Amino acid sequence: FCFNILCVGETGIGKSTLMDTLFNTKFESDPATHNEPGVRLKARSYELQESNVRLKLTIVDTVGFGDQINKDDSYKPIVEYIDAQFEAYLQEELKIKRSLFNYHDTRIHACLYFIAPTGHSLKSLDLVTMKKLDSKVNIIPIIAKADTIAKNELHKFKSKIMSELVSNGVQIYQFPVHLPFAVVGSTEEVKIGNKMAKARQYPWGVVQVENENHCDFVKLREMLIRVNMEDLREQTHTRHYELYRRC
């Protein structure tokens, strides 16, 4: 029913486009400038049908992430939002006359962390932020704008990213395709065969979002939305929220 997704990613890295593609609609997607004095968060809620299920979806985007010359403490407004939803849930549990069945859960159930496709490994900001978030939210690292990475570069880049996550002890969500998901988003259509498909048209070819040999979008949509939505909520409640509640 209720599902809250946090998109952490640099300005223009494709957060709004990917969400529109994932749910096959047009959410609010006003671009940010690069001149925000610090990181802030934009939250929007939508009532969707995702198969048969009435879905109250909240999308929380970072704004201004990675844009300042001094990127110190960029994680703090993100953690503040995540902690505020933990605290709101806890205050609900501490009510005398309470109705947790009626309560609209606002806790982040999944964090899509958008990794810029440098082709090297992780930026210092990526490491610092994911380390600050990994005990607060289910981190799902993804390579954004993955059509940037050539066929002969993708596997090495994925492996370098995971090696950095492992060697630095970053805890990422384990789902109950080689990770991290390399995704492409697009609200534009291109005629492929006899059908109109979400795609990106270049002078040299067409990247098809739903072509699993082009990117991991289908696998992301499958794992995040079609399969493990309930598990992401439960891990949020029984692991991340419980850690906060313990203090």
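Heads up: residue numbers just count along the shown sequence, starting at 1.
K.L.:
Please classify the coordinate gap between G169 and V170 in terms of deposited residues: none, 1 to 3, 4 to 9, or 10 or more.
P.N.:
Gap between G169 and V170: none, chain continuous.
K.L.:
Higher average CA B factor in the deposited record is what I'm after, so tell me if that's 139-147 or 96-104.
P.N.:
So the stretch with the higher mean C-alpha B-factor is 96-104.
K.L.:
Mean CA B-factor: is it higher for 154-162 or for 109-117?
P.N.:
Of 109-117 and 154-162, the stretch with the higher C-alpha B-factor average is 154-162.
K.L.:
Between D61, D216, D67, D30, which one tops the list for Cα B-factor in this entry?
P.N.:
Going by the entry's C-alpha B-factors, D30 comes out highest.
K.L.:
Quick one: which of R40, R54, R200, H34 shows the highest Cα temperature factor in the PDB entry?
P.N.:
The listed residue with the largest C-alpha B-factor is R54.
K.L.:
Looking at the temperature factor on the CA atom of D20, which third of the chain's modelled residues does it land in?
P.N.:
Middle third of the chain for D20's C-alpha B-factor.
K.L.:
Based on the entry's values, in what third of the chain does the Cα temperature factor of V190 lie: lowest, middle or highest?
P.N.:
Its C-alpha B-factor belongs to the middle third of this chain's values.
K.L.:
Lowest, middle or highest third: which one holds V209 when the chain's residues are ordered by CA B-factor from the entry?
P.N.:
Middle third.
K.L.:
For the chain shown, is the CA B-factor of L122 in the lowest, middle or highest third of its modelled residues?
P.N.:
According to the entry, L122 has a C-alpha B-factor in the chain's middle third.
K.L.:
Sorting the chain's CA B-factors, does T236 end up in the lowest, middle or highest third?
P.N.:
Its C-alpha B-factor, which the entry lists for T236, ranks in the middle third among residues of this chain.
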